[PDB]
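A.B. asks: First, the structure itself, so that you have it in front of you.
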Amino acid sequence: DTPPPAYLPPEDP
Amino acid sequence: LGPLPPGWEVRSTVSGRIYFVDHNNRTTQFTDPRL
């Protein structure tokens with residue numbers, strides 16, 4: 001994939 | 001290949017790409033240490 005985005009708190013099911 | 005460091009939030013997307021967003025040190029990485 002591309003370079004990693006800035007950091008966010010996660011959406012994970 | 002082993003351990004997951006505390007403070008690491010796994011921000012995952014359905015594309016099948018896990019990407020790191022650590023809220024503690026504030027860092028982003030595509031290499032997941034759990035694998």
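In the structure tokens, the first chain shown is A, the next is B, and so on; residue numbers restart at 1 for each chain, and ligands run from 1 in the order shown.
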Could you list, as a count of residues only, every residue of chain B that has an atom within 9 Å of an atom of chain A, counting only C-alpha atoms?

C.D. replies: 16

A.B. asks: Write out as a list in words all residues of chain B that backbone DSSP assigns to strand (DSSP E).

C.D. replies: residues 8, 9, 10, 11, 12, 13, 17, 18, 19, 20, 21 and 22 of chain B
